[PDB]
>>> print(open('model-v7.cif').read())   # mmCIF, C-alpha atoms
data_run
loop_
_atom_site.group_PDB
_atom_site.id
_atom_site.type_symbol
_atom_site.label_atom_id
_atom_site.label_comp_id
_atom_site.auth_asym_id
_atom_site.auth_seq_id
_atom_site.Cartn_x
_atom_site.Cartn_y
_atom_site.Cartn_z
ATOM 1 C CA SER A 1 171.154 0.919 45.419
ATOM 2 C CA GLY A 2 172.323 1.638 48.949
ATOM 3 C CA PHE A 3 175.293 0.146 50.756
ATOM 4 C CA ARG A 4 175.307 -1.079 54.358
ATOM 5 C CA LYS A 5 177.390 -3.388 56.534
ATOM 6 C CA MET A 6 175.755 -6.776 55.929
ATOM 7 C CA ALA A 7 176.052 -10.093 57.740
ATOM 8 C CA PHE A 8 175.319 -13.544 56.371
ATOM 9 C CA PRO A 9 171.938 -15.152 57.178
ATOM 10 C CA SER A 10 172.562 -16.844 60.522
ATOM 11 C CA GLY A 11 169.869 -19.529 60.246
ATOM 12 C CA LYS A 12 172.195 -22.442 59.510
ATOM 13 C CA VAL A 13 174.536 -21.564 62.385
ATOM 14 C CA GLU A 14 171.716 -21.005 64.912
ATOM 15 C CA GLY A 15 170.831 -24.700 64.868
ATOM 16 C CA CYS A 16 174.360 -25.577 65.996
ATOM 17 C CA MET A 17 174.499 -23.409 69.145
ATOM 18 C CA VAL A 18 174.402 -25.318 72.444
ATOM 19 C CA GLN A 19 175.104 -24.457 76.076
ATOM 20 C CA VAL A 20 178.123 -26.191 77.622
ATOM 21 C CA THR A 21 178.454 -26.307 81.415
ATOM 22 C CA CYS A 22 181.257 -27.886 83.441
ATOM 23 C CA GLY A 23 181.194 -27.526 87.205
ATOM 24 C CA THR A 24 180.274 -23.916 87.916
ATOM 25 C CA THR A 25 181.551 -22.532 84.583
ATOM 26 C CA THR A 26 179.345 -22.202 81.503
ATOM 27 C CA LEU A 27 179.684 -20.908 77.940
ATOM 28 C CA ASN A 28 178.563 -21.639 74.377
ATOM 29 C CA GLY A 29 179.400 -24.584 72.147
ATOM 30 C CA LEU A 30 179.113 -25.576 68.494
ATOM 31 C CA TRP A 31 177.325 -28.889 67.860
ATOM 32 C CA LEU A 32 178.238 -30.393 64.477
ATOM 33 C CA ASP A 33 177.561 -34.094 63.779
ATOM 34 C CA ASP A 34 178.294 -35.938 67.074
ATOM 35 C CA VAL A 35 180.934 -33.489 68.374
ATOM 36 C CA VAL A 36 180.522 -30.267 70.373
ATOM 37 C CA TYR A 37 183.261 -27.623 70.227
ATOM 38 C CA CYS A 38 183.797 -25.030 72.962
ATOM 39 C CA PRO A 39 186.714 -23.086 74.480
ATOM 40 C CA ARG A 40 188.778 -25.225 76.825
ATOM 41 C CA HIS A 41 188.624 -22.776 79.747
ATOM 42 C CA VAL A 42 185.110 -24.039 80.482
ATOM 43 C CA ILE A 43 187.022 -26.329 82.869
ATOM 44 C CA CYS A 44 188.520 -23.374 84.766
ATOM 45 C CA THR A 45 187.337 -21.578 87.863
ATOM 46 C CA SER A 46 187.850 -17.837 88.288
ATOM 47 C CA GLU A 47 191.008 -18.647 90.253
ATOM 48 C CA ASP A 48 192.160 -21.162 87.624
ATOM 49 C CA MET A 49 192.123 -18.457 84.931
ATOM 50 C CA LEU A 50 195.106 -16.673 86.513
ATOM 51 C CA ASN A 51 197.558 -19.469 85.664
ATOM 52 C CA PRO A 52 195.886 -22.639 84.328
ATOM 53 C CA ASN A 53 197.714 -25.881 83.596
ATOM 54 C CA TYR A 54 195.008 -27.081 81.220
ATOM 55 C CA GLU A 55 196.419 -30.610 80.957
ATOM 56 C CA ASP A 56 196.352 -31.150 84.729
ATOM 57 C CA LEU A 57 192.994 -29.371 85.030
ATOM 58 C CA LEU A 58 191.486 -31.696 82.412
ATOM 59 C CA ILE A 59 192.819 -34.887 84.040
ATOM 60 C CA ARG A 60 190.553 -34.200 87.031
ATOM 61 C CA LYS A 61 187.551 -34.226 84.621
ATOM 62 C CA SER A 62 185.386 -37.106 83.392
ATOM 63 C CA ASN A 63 182.591 -37.270 80.824
ATOM 64 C CA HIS A 64 179.734 -36.899 83.320
ATOM 65 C CA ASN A 65 181.271 -33.592 84.490
ATOM 66 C CA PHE A 66 180.203 -32.001 81.170
ATOM 67 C CA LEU A 67 176.605 -30.812 80.720
ATOM 68 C CA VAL A 68 175.786 -30.010 77.084
ATOM 69 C CA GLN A 69 172.267 -28.643 76.573
ATOM 70 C CA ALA A 70 170.470 -28.036 73.260
ATOM 71 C CA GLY A 71 167.469 -25.982 74.313
ATOM 72 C CA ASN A 72 165.674 -28.502 76.504
ATOM 73 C CA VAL A 73 167.483 -31.549 75.102
ATOM 74 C CA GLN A 74 170.298 -32.852 77.298
ATOM 75 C CA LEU A 75 173.118 -34.327 75.222
ATOM 76 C CA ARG A 76 175.109 -37.166 76.779
ATOM 77 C CA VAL A 77 178.884 -36.807 76.496
ATOM 78 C CA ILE A 78 180.721 -40.056 75.739
ATOM 79 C CA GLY A 79 184.240 -38.806 75.030
ATOM 80 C CA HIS A 80 186.399 -35.726 75.574
ATOM 81 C CA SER A 81 189.638 -34.466 74.049
ATOM 82 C CA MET A 82 191.673 -31.245 73.993
ATOM 83 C CA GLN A 83 192.807 -29.904 70.612
ATOM 84 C CA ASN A 84 194.948 -26.829 71.291
ATOM 85 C CA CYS A 85 192.628 -24.313 72.983
ATOM 86 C CA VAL A 86 189.269 -25.968 72.188
ATOM 87 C CA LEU A 87 187.532 -28.905 73.846
ATOM 88 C CA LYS A 88 185.960 -31.691 71.776
ATOM 89 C CA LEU A 89 182.980 -33.327 73.497
ATOM 90 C CA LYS A 90 181.872 -36.512 71.758
ATOM 91 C CA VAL A 91 178.123 -37.063 72.125
ATOM 92 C CA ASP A 92 175.768 -39.943 71.388
ATOM 93 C CA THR A 93 173.418 -37.852 69.215
ATOM 94 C CA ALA A 94 174.396 -36.396 65.869
ATOM 95 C CA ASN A 95 172.888 -33.003 65.122
ATOM 96 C CA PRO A 96 169.967 -33.316 62.665
ATOM 97 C CA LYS A 97 170.359 -29.613 61.802
ATOM 98 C CA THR A 98 174.020 -30.009 60.799
ATOM 99 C CA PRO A 99 174.637 -27.936 57.649
ATOM 100 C CA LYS A 100 177.369 -28.519 55.119
ATOM 101 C CA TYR A 101 180.380 -27.054 56.893
ATOM 102 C CA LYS A 102 184.136 -26.602 56.646
ATOM 103 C CA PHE A 103 186.834 -25.424 59.049
ATOM 104 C CA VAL A 104 188.976 -22.640 57.584
ATOM 105 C CA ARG A 105 191.664 -20.418 59.078
ATOM 106 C CA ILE A 106 191.122 -17.004 57.508
ATOM 107 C CA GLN A 107 193.785 -14.384 56.676
ATOM 108 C CA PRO A 108 194.035 -10.895 58.193
ATOM 109 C CA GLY A 109 191.811 -8.376 56.453
ATOM 110 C CA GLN A 110 189.161 -10.960 55.591
ATOM 111 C CA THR A 111 185.668 -10.530 57.023
ATOM 112 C CA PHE A 112 183.147 -12.858 58.632
ATOM 113 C CA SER A 113 179.787 -12.779 60.397
ATOM 114 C CA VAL A 114 179.614 -13.301 64.171
ATOM 115 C CA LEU A 115 176.562 -14.880 65.826
ATOM 116 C CA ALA A 116 176.759 -13.724 69.447
ATOM 117 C CA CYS A 117 175.213 -16.194 71.888
ATOM 118 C CA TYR A 118 174.472 -16.472 75.608
ATOM 119 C CA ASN A 119 173.580 -19.827 77.201
ATOM 120 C CA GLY A 120 173.412 -21.496 73.788
ATOM 121 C CA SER A 121 170.773 -19.050 72.498
ATOM 122 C CA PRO A 122 171.559 -16.537 69.736
ATOM 123 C CA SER A 123 171.013 -12.881 70.603
ATOM 124 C CA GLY A 124 172.208 -11.133 67.443
ATOM 125 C CA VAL A 125 174.450 -11.163 64.399
ATOM 126 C CA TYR A 126 176.981 -8.630 63.110
ATOM 127 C CA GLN A 127 179.905 -8.299 60.701
ATOM 128 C CA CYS A 128 183.561 -7.549 61.442
ATOM 129 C CA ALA A 129 187.064 -8.282 60.148
ATOM 130 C CA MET A 130 190.319 -9.881 61.255
ATOM 131 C CA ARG A 131 192.458 -6.863 62.083
ATOM 132 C CA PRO A 132 196.060 -6.958 60.800
ATOM 133 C CA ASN A 133 197.081 -7.521 64.443
ATOM 134 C CA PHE A 134 194.786 -10.600 64.569
ATOM 135 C CA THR A 135 192.246 -9.042 66.945
ATOM 136 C CA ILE A 136 188.603 -8.206 66.275
ATOM 137 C CA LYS A 137 186.456 -5.323 67.526
ATOM 138 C CA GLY A 138 183.126 -6.951 68.292
ATOM 139 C CA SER A 139 180.421 -7.012 70.971
ATOM 140 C CA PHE A 140 181.063 -9.682 73.609
ATOM 141 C CA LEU A 141 179.590 -9.647 77.110
ATOM 142 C CA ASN A 142 180.343 -12.209 79.802
ATOM 143 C CA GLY A 143 179.229 -15.669 78.741
ATOM 144 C CA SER A 144 179.585 -14.899 75.023
ATOM 145 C CA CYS A 145 182.637 -17.142 74.598
ATOM 146 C CA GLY A 146 181.991 -20.089 72.326
ATOM 147 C CA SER A 147 180.278 -17.793 69.840
ATOM 148 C CA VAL A 148 181.598 -18.486 66.354
ATOM 149 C CA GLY A 149 182.380 -16.486 63.233
ATOM 150 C CA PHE A 150 181.529 -17.820 59.805
ATOM 151 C CA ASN A 151 181.038 -17.220 56.091
ATOM 152 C CA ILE A 152 178.549 -18.844 53.706
ATOM 153 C CA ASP A 153 179.156 -20.149 50.179
ATOM 154 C CA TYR A 154 175.592 -20.764 48.970
ATOM 155 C CA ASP A 155 174.987 -23.829 51.162
ATOM 156 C CA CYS A 156 178.363 -24.414 52.886
ATOM 157 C CA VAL A 157 179.071 -22.710 56.220
ATOM 158 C CA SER A 158 182.790 -21.952 56.604
ATOM 159 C CA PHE A 159 183.592 -21.625 60.306
ATOM 160 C CA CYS A 160 186.654 -19.498 61.035
ATOM 161 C CA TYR A 161 186.372 -18.012 64.540
ATOM 162 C CA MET A 162 185.535 -18.836 68.152
ATOM 163 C CA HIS A 163 185.541 -16.168 70.848
ATOM 164 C CA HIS A 164 187.768 -16.942 73.836
ATOM 165 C CA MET A 165 188.660 -13.692 75.584
ATOM 166 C CA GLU A 166 188.503 -9.913 75.765
ATOM 167 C CA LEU A 167 191.810 -8.099 76.090
ATOM 168 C CA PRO A 168 192.106 -5.382 78.776
ATOM 169 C CA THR A 169 192.142 -2.858 75.904
ATOM 170 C CA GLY A 170 188.542 -3.669 74.927
ATOM 171 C CA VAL A 171 189.183 -5.671 71.757
ATOM 172 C CA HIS A 172 188.610 -9.394 71.352
ATOM 173 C CA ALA A 173 190.714 -12.465 70.605
ATOM 174 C CA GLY A 174 189.829 -16.011 69.656
ATOM 175 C CA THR A 175 190.787 -19.128 67.738
ATOM 176 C CA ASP A 176 189.909 -21.046 64.611
ATOM 177 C CA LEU A 177 187.859 -24.236 64.963
ATOM 178 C CA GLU A 178 191.009 -26.355 65.351
ATOM 179 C CA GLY A 179 191.887 -24.433 68.534
ATOM 180 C CA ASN A 180 194.782 -22.229 67.401
ATOM 181 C CA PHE A 181 194.578 -18.565 68.386
ATOM 182 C CA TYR A 182 194.780 -15.804 65.841
ATOM 183 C CA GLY A 183 197.752 -13.747 66.979
ATOM 184 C CA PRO A 184 200.092 -14.047 69.957
ATOM 185 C CA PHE A 185 197.388 -14.542 72.582
ATOM 186 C CA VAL A 186 196.941 -17.265 75.200
ATOM 187 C CA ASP A 187 193.819 -18.237 77.149
ATOM 188 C CA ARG A 188 195.021 -16.875 80.487
ATOM 189 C CA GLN A 189 193.885 -13.926 82.621
ATOM 190 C CA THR A 190 197.050 -11.886 82.125
ATOM 191 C CA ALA A 191 197.888 -8.596 80.445
ATOM 192 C CA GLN A 192 198.595 -9.176 76.750
ATOM 193 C CA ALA A 193 199.575 -6.693 74.049
ATOM 194 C CA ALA A 194 197.812 -6.714 70.685
ATOM 195 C CA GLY A 195 200.384 -4.448 69.033
ATOM 196 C CA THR A 196 200.071 -1.701 66.461
ATOM 197 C CA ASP A 197 197.003 -2.195 64.286
ATOM 198 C CA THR A 198 197.130 -0.903 60.716
ATOM 199 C CA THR A 199 194.444 -0.241 58.110
ATOM 200 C CA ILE A 200 193.420 -2.754 55.443
ATOM 201 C CA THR A 201 194.222 -0.546 52.454
ATOM 202 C CA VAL A 202 192.769 -2.891 49.819
ATOM 203 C CA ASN A 203 189.541 -2.911 51.837
ATOM 204 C CA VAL A 204 189.317 0.894 51.906
ATOM 205 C CA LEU A 205 189.858 0.969 48.136
ATOM 206 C CA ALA A 206 186.967 -1.466 47.650
ATOM 207 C CA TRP A 207 184.807 0.772 49.851
ATOM 208 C CA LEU A 208 185.611 3.853 47.758
ATOM 209 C CA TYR A 209 184.629 1.804 44.706
ATOM 210 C CA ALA A 210 181.283 0.984 46.329
ATOM 211 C CA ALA A 211 180.771 4.710 46.937
ATOM 212 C CA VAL A 212 181.304 5.530 43.252
ATOM 213 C CA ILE A 213 178.782 2.836 42.304
ATOM 214 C CA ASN A 214 176.317 4.517 44.698
ATOM 215 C CA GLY A 215 176.576 8.131 43.532
ATOM 216 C CA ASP A 216 179.230 9.397 45.969
ATOM 217 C CA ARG A 217 182.061 10.469 43.653
ATOM 218 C CA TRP A 218 183.361 13.792 45.016
ATOM 219 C CA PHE A 219 186.661 12.258 46.175
ATOM 220 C CA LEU A 220 187.495 11.414 42.541
ATOM 221 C CA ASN A 221 190.444 13.721 41.889
ATOM 222 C CA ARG A 222 192.546 14.856 38.943
ATOM 223 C CA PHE A 223 195.869 13.322 40.001
ATOM 224 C CA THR A 224 197.156 9.785 39.688
ATOM 225 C CA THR A 225 200.113 8.140 41.456
ATOM 226 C CA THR A 226 202.448 5.143 41.526
ATOM 227 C CA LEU A 227 202.384 2.098 43.788
ATOM 228 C CA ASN A 228 205.688 3.029 45.442
ATOM 229 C CA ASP A 229 204.740 6.689 45.894
ATOM 230 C CA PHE A 230 201.305 5.807 47.276
ATOM 231 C CA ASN A 231 202.844 3.167 49.554
ATOM 232 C CA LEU A 232 205.135 5.842 50.998
ATOM 233 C CA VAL A 233 202.062 7.834 52.036
ATOM 234 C CA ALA A 234 200.560 4.577 53.339
ATOM 235 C CA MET A 235 203.479 4.009 55.724
ATOM 236 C CA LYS A 236 203.120 7.489 57.234
ATOM 237 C CA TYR A 237 199.449 6.781 58.022
ATOM 238 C CA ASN A 238 199.923 3.157 59.192
ATOM 239 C CA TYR A 239 198.204 1.606 56.181
ATOM 240 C CA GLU A 240 198.964 -1.891 54.946
ATOM 241 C CA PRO A 241 201.321 -1.807 51.930
ATOM 242 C CA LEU A 242 199.372 -2.296 48.709
ATOM 243 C CA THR A 243 200.669 -5.066 46.437
ATOM 244 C CA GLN A 244 199.965 -6.061 42.846
ATOM 245 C CA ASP A 245 197.865 -8.955 44.141
ATOM 246 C CA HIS A 246 195.660 -6.319 45.793
ATOM 247 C CA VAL A 247 195.425 -4.521 42.438
ATOM 248 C CA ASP A 248 194.424 -7.798 40.778
ATOM 249 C CA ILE A 249 191.601 -8.362 43.283
ATOM 250 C CA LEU A 250 190.242 -4.866 42.577
ATOM 251 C CA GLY A 251 190.249 -5.581 38.828
ATOM 252 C CA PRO A 252 186.560 -6.432 38.404
ATOM 253 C CA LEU A 253 185.686 -3.384 40.516
ATOM 254 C CA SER A 254 187.946 -1.283 38.281
ATOM 255 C CA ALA A 255 186.279 -2.618 35.129
ATOM 256 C CA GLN A 256 182.714 -2.020 36.325
ATOM 257 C CA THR A 257 183.373 1.631 37.254
ATOM 258 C CA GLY A 258 186.015 2.423 34.625
ATOM 259 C CA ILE A 259 188.438 3.847 37.210
ATOM 260 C CA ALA A 260 191.982 2.479 37.229
ATOM 261 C CA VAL A 261 193.231 1.244 40.596
ATOM 262 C CA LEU A 262 196.085 3.765 40.667
ATOM 263 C CA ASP A 263 193.546 6.554 40.095
ATOM 264 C CA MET A 264 191.618 5.551 43.215
ATOM 265 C CA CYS A 265 194.945 5.260 45.049
ATOM 266 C CA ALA A 266 195.583 8.939 44.287
ATOM 267 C CA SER A 267 192.121 9.960 45.495
ATOM 268 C CA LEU A 268 192.851 8.006 48.681
ATOM 269 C CA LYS A 269 196.253 9.698 48.997
ATOM 270 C CA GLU A 270 194.565 13.114 48.954
ATOM 271 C CA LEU A 271 191.955 11.997 51.499
ATOM 272 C CA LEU A 272 194.783 10.860 53.783
ATOM 273 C CA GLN A 273 196.732 14.104 53.329
ATOM 274 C CA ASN A 274 193.843 16.603 53.307
ATOM 275 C CA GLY A 275 191.318 14.889 55.559
ATOM 276 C CA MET A 276 187.609 14.879 54.781
ATOM 277 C CA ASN A 277 186.776 18.606 55.239
ATOM 278 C CA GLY A 278 183.588 17.704 57.112
ATOM 279 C CA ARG A 279 181.996 15.703 54.300
ATOM 280 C CA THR A 280 180.983 12.036 54.405
ATOM 281 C CA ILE A 281 181.348 9.023 52.119
ATOM 282 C CA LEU A 282 178.431 6.569 52.293
ATOM 283 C CA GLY A 283 177.276 8.326 55.454
ATOM 284 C CA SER A 284 180.616 7.893 57.249
ATOM 285 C CA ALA A 285 183.022 10.654 58.273
ATOM 286 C CA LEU A 286 186.047 8.314 58.249
ATOM 287 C CA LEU A 287 187.497 5.629 55.983
ATOM 288 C CA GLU A 288 185.935 2.170 56.333
ATOM 289 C CA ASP A 289 188.315 -0.796 56.065
ATOM 290 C CA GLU A 290 186.039 -3.713 57.047
ATOM 291 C CA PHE A 291 184.748 -4.361 53.500
ATOM 292 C CA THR A 292 186.703 -6.855 51.423
ATOM 293 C CA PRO A 293 186.549 -6.496 47.625
ATOM 294 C CA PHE A 294 184.423 -9.654 47.705
ATOM 295 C CA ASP A 295 182.043 -8.027 50.203
ATOM 296 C CA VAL A 296 181.421 -5.126 47.813
ATOM 297 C CA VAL A 297 180.771 -7.348 44.784
ATOM 298 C CA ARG A 298 178.406 -9.355 46.999
ATOM 299 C CA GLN A 299 176.274 -6.286 47.680
ATOM 300 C CA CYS A 300 176.476 -4.636 44.236
ATOM 301 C CA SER A 301 175.285 -7.757 42.382
ATOM 302 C CA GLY A 302 173.207 -9.662 44.971
#
>>> encode(input="model-v7.cif", output="C-alpha cells")
Amino acid sequence: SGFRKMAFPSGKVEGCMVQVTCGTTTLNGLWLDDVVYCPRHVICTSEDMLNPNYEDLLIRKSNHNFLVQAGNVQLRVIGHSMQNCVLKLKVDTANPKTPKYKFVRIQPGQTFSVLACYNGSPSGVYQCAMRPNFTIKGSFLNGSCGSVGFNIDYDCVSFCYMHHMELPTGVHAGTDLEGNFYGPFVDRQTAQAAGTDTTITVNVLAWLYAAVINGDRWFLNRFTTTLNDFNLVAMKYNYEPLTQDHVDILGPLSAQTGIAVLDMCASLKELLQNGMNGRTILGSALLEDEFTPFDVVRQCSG
C-alpha cells in the first residue's frame, strides 16, 4: 500500500548528461550516439539574450568553439547544426552508455520525470506534468538548462522535454528534443505570458481512485451526476472539460474499485463546491492533478 509521487529510475539518463560550454556560456547537454543536444542559447552572452538573432550569432561560431565534456573525457565536435531551438553537436565518439531511446512530443496533462543537472552532473530527480498552458512547475536554478524530461517503457527511454528558461512568474518553459517549444514561448529574455492554467480533471479523478484503493474513501458521496452537469461545475472552477475519452481511460480504474466514473465525478463536484472541511486525501489538503491514470496503475500494480 501507500501512494507517493514517484519518478522513473534515472540511471539510463544519467549516462547521457554532458557539460556543454561555448565561449563564456555553459549549460547541460544530452549525448546520444554521436550527437549532443543542448539549448541553442549556449551561444549567447548575457547581452545577446535580450534580442538574439540566433542565425547570425551561430555564423560567428566554428566547431572548435564548442567544448563538450563528459566527466573528464573531452569530446571533439566535428559538426554543428541548429534545429529550431536546440543545437546539434556532432562528435567523433558515440556514447557507449546510449540506451534505447525515442523522441516524443507529449500532450498537456501527461507526466514525465525530470533529471536536474548542473555542469553535466545529475543532482536530483523529480516528477511533474505538462500544465494545460504548456508550462511546468519544477526546480531549476541557474545552469540547469539542458536538463531533460523523460519516461521509461521497460528498456526504452522516451525523451520529451529540455529546459530552456524560467518565466518571470516562477514557472518553467522548454522544448521537445526536436527543438520546438511547448506553448507560445521564445528563447529570449523578455516578458512572456503563460496564460490561464486550468486543472487536469482526468488526473484528479485518477488520484481520487488511488485514494479509494488506499483506504481513503470519505469523499465517496451518495449523489451521482451527468457529464454535462459536472462539466458546468468544472468551468466555474477552471477545470479541463471531461470527455468520454477521459472516461474510457479511467475504465480499468473503475473496474478495479467498482465505482462508476460518473459517481466519482459527483464526489469531485461536492469537493469543489464544499471544499475539504480541513480533512486530507492521501495526506494532501488540496486536489492533486499531476497523476495520470497510467501513473496510478503503475503504482497500484508495480
>>> resolve_selection(input="model-v7.cif", expression="the PyMOL selection byres ((chain A and resi 148-150) around 6)", output="list in words")
residues 112, 113, 114, 147, 151, 158, 159, 160, 161 and 162 of chain A
>>> resolve_selection(input="model-v7.cif", expression="the PyMOL selection byres ((chain A and resi 200) around 7)", output="PDB file with C-alpha atoms, in the coordinates of the input")
ATOM      1  CA  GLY A 109     191.811  -8.376  56.453  1.00  0.00           C
ATOM      2  CA  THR A 198     197.130  -0.903  60.716  1.00  0.00           C
ATOM      3  CA  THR A 199     194.444  -0.241  58.110  1.00  0.00           C
ATOM      4  CA  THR A 201     194.222  -0.546  52.454  1.00  0.00           C
ATOM      5  CA  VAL A 202     192.769  -2.891  49.819  1.00  0.00           C
ATOM      6  CA  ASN A 203     189.541  -2.911  51.837  1.00  0.00           C
ATOM      7  CA  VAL A 204     189.317   0.894  51.906  1.00  0.00           C
ATOM      8  CA  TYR A 239     198.204   1.606  56.181  1.00  0.00           C
ATOM      9  CA  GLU A 240     198.964  -1.891  54.946  1.00  0.00           C
ATOM     10  CA  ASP A 289     188.315  -0.796  56.065  1.00  0.00           C
TER      11      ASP A 289
END
>>> residues_around(input="model-v7.cif", residues="region 251-265 of chain A", least_positions_apart="4", cutoff="12 Å", atoms="only C-alpha atoms", output="NGL selection string")
:A and (201-215 or 217-234 or 241-247 or 269-272 or 292-298 or 300-301)
>>> closest_residue(input="model-v7.cif", among="A:291, A:36, A:41, A:95", to="residue 79 (chain A)", atoms="all atoms listed in the file")
A:36
>>> residues_around(input="model-v7.cif", residues="residue 178 (chain A)", least_positions_apart="2", cutoff="8 Å", atoms="only C-alpha atoms", output="VMD selection string")
chain A and resid 83 to 84 86 103 175 to 176 180
>>> residues_around(input="model-v7.cif", residues="residue 77 (chain A)", least_positions_apart="2", cutoff="7 Å", atoms="only C-alpha atoms", output="PDB file with C-alpha atoms, keeping the file's coordinate frame")
ATOM      1  CA  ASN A  63     182.591 -37.270  80.824  1.00  0.00           C
ATOM      2  CA  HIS A  64     179.734 -36.899  83.320  1.00  0.00           C
ATOM      3  CA  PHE A  66     180.203 -32.001  81.170  1.00  0.00           C
ATOM      4  CA  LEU A  75     173.118 -34.327  75.222  1.00  0.00           C
ATOM      5  CA  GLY A  79     184.240 -38.806  75.030  1.00  0.00           C
ATOM      6  CA  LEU A  89     182.980 -33.327  73.497  1.00  0.00           C
ATOM      7  CA  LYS A  90     181.872 -36.512  71.758  1.00  0.00           C
ATOM      8  CA  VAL A  91     178.123 -37.063  72.125  1.00  0.00           C
ATOM      9  CA  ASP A  92     175.768 -39.943  71.388  1.00  0.00           C
TER      10      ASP A  92
END
>>> axis_aligned_box(input="model-v7.cif", around="region 183-199 of chain A", padding_each_side="3 Å", output="JSON")
{"center_x": 197.1, "center_y": -9.2, "center_z": 70.4, "size_x": 12.6, "size_y": 24.0, "size_z": 30.5}
>>> resolve_selection(input="model-v7.cif", expression="the PyMOL selection byres ((chain A and resi 167) around 12)", output="ChimeraX atom specification")
/A:135-138,140,163-166,168-174,184-195
>>> atom_distance(input="model-v7.cif", atom1="CA of residue 35 (chain A)", atom2="CA of residue 139 (chain A)")
26.6 Å
>>> residues_around(input="model-v7.cif", residues="residue 121 (chain A)", least_positions_apart="5", cutoff="10 Å", atoms="all atoms listed in the file", output="MDAnalysis selection string")
chainID A and resid 14:19 28 70:71 115:116 147
>>> write_last_selection(input="model-v7.cif", atoms="C-alpha atoms", output="short mmCIF file (atom, residue, chain, number, x, y, z; two decimals), in the coordinates of the input")
data_model
loop_
_atom_site.label_atom_id
_atom_site.label_comp_id
_atom_site.auth_asym_id
_atom_site.auth_seq_id
_atom_site.Cartn_x
_atom_site.Cartn_y
_atom_site.Cartn_z
CA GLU A 14 171.72 -21.00 64.91
CA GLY A 15 170.83 -24.70 64.87
CA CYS A 16 174.36 -25.58 66.00
CA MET A 17 174.50 -23.41 69.14
CA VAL A 18 174.40 -25.32 72.44
CA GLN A 19 175.10 -24.46 76.08
CA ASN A 28 178.56 -21.64 74.38
CA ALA A 70 170.47 -28.04 73.26
CA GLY A 71 167.47 -25.98 74.31
CA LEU A 115 176.56 -14.88 65.83
CA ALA A 116 176.76 -13.72 69.45
CA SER A 147 180.28 -17.79 69.84
#
>>> atom_distance(input="model-v7.cif", atom1="CA of residue 50 (chain A)", atom2="CA of residue 119 (chain A)")
23.7 Å
>>> atom_distance(input="model-v7.cif", atom1="CA of residue 8 (chain A)", atom2="CA of residue 125 (chain A)")
8.4 Å
>>> closest_residue(input="model-v7.cif", among="A:76, A:102, A:279, A:40", to="residue 146 (chain A)", atoms="all atoms listed in the file")
A:40
>>> residues_around(input="model-v7.cif", residues="residue 107 (chain A)", least_positions_apart="5", cutoff="10 Å", atoms="only C-alpha atoms", output="VMD selection string")
chain A and resid 129 to 132 134 160 182
>>> closest_residue(input="model-v7.cif", among="A:290, A:44, A:10, A:88", to="residue 24 (chain A)", atoms="all atoms listed in the file")
A:44
>>> closest_residue(input="model-v7.cif", among="A:238, A:25, A:273, A:81", to="residue 49 (chain A)", atoms="all atoms listed in the file")
A:25
>>> closest_residue(input="model-v7.cif", among="A:277, A:46, A:69, A:196", to="residue 237 (chain A)", atoms="all atoms listed in the file")
A:196
>>> closest_residue(input="model-v7.cif", among="A:7, A:94, A:145, A:68", to="residue 128 (chain A)", atoms="all atoms listed in the file")
A:7
>>> build_atoms(input="model-v7.cif", residues="region 243-255 of chain A", atoms="N, CA and C atoms", output="mmCIF file, in the coordinates of the input")
data_model
loop_
_atom_site.group_PDB
_atom_site.id
_atom_site.type_symbol
_atom_site.label_atom_id
_atom_site.label_comp_id
_atom_site.auth_asym_id
_atom_site.auth_seq_id
_atom_site.Cartn_x
_atom_site.Cartn_y
_atom_site.Cartn_z
ATOM 1 N N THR A 243 199.909 -4.243 47.365
ATOM 2 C CA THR A 243 200.669 -5.066 46.437
ATOM 3 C C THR A 243 199.917 -5.215 45.119
ATOM 4 N N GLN A 244 200.590 -5.835 44.146
ATOM 5 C CA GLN A 244 199.965 -6.061 42.846
ATOM 6 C C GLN A 244 198.864 -7.111 42.933
ATOM 7 N N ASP A 245 198.980 -8.055 43.870
ATOM 8 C CA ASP A 245 197.865 -8.955 44.141
ATOM 9 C C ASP A 245 196.621 -8.170 44.536
ATOM 10 N N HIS A 246 196.783 -7.167 45.405
ATOM 11 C CA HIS A 246 195.660 -6.319 45.793
ATOM 12 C C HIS A 246 195.066 -5.600 44.587
ATOM 13 N N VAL A 247 195.917 -5.156 43.658
ATOM 14 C CA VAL A 247 195.425 -4.521 42.438
ATOM 15 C C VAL A 247 194.650 -5.524 41.593
ATOM 16 N N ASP A 248 195.111 -6.776 41.561
ATOM 17 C CA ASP A 248 194.424 -7.798 40.778
ATOM 18 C C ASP A 248 193.052 -8.129 41.356
ATOM 19 N N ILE A 249 192.902 -8.079 42.681
ATOM 20 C CA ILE A 249 191.601 -8.362 43.283
ATOM 21 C C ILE A 249 190.617 -7.232 43.008
ATOM 22 N N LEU A 250 191.106 -6.001 42.873
ATOM 23 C CA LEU A 250 190.242 -4.866 42.577
ATOM 24 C C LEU A 250 189.947 -4.718 41.089
ATOM 25 N N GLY A 251 190.427 -5.643 40.259
ATOM 26 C CA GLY A 251 190.249 -5.581 38.828
ATOM 27 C C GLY A 251 188.801 -5.490 38.388
ATOM 28 N N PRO A 252 187.992 -6.493 38.745
ATOM 29 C CA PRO A 252 186.560 -6.432 38.404
ATOM 30 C C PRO A 252 185.867 -5.169 38.890
ATOM 31 N N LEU A 253 186.237 -4.659 40.068
ATOM 32 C CA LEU A 253 185.686 -3.384 40.516
ATOM 33 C C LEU A 253 186.166 -2.242 39.631
ATOM 34 N N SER A 254 187.430 -2.290 39.205
ATOM 35 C CA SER A 254 187.946 -1.283 38.281
ATOM 36 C C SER A 254 187.193 -1.310 36.958
ATOM 37 N N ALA A 255 186.904 -2.507 36.444
ATOM 38 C CA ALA A 255 186.279 -2.618 35.129
ATOM 39 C C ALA A 255 184.828 -2.153 35.156
#
